[PDB]
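The form deposited without the RNA is given below as one chain in structure tokens.
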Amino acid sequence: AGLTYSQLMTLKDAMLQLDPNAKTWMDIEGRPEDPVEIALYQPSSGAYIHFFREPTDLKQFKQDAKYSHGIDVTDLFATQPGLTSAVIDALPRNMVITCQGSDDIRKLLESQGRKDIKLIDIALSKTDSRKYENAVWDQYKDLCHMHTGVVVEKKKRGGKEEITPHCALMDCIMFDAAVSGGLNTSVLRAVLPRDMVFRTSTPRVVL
């Protein structure tokens, strides 16, 4: 039980908001065979696709949560099943996608039968990739609250050290800002409706 026919048609029309000739970044959290967060981003217009997926392998998810995304698995229980395959299905033919480390992105697209999509492998160094990390999280903190856990990294002299969690959306933004040499001035806008990315949406708080 994935997307209904009405959801698929809404997704198809929403994909027209993407400029197939403009630069499109993409990044994922989790392994390509079991992703939990997916983001596509067109900095020219600010349009972005952002959604989540419940993991199949809970054991590997715990490790990815500790060393990468810090997502609580219980926050993914209300995600829309089949949305990953549906979004990749609706991507324009022969689309060019930019990403930092295209290997895992390629495996994901190929598993969905999308070998027509051309990938541009950006190879930013570790220090260059995070040069705008603090600024992007500060400006776009409201766009993703899914990274609640403490993410750690091993240091060569013993013990762990907390790092900023990795977000597939903040990655697209901060990597594009590093390559562009400055943060984009466009106002970001979600392509996917909110009732499509989550099956149950919490209503706005009445104060």
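When you see a residue number, it is the position in the sequence shown, counting from 1.
One more form of this protein, deposited with the RNA bound, exists but is not displayed; see below.
Contact with the RNA in the deposited complex, defined as a heavy atom within 4.5 Å, is made by all three of 103, 126 and 130. Considering the RNA in the deposited complex, the lone stretch of 48-56, 137-145, 178-186, 22-30 in range is 22-30 [heavy atom distance within 4.5 Å]. In the deposited complex, the RNA sits beyond 4.5 Å of every heavy atom of residue 164. Although the partner is absent here, residue 63 is a contact residue: one of its heavy atoms lies within 4.5 angstroms of the RNA in the deposited complex. Within 4.5 angstroms of the RNA in the deposited complex, the stretch 180-194 places no non-hydrogen atom at all.
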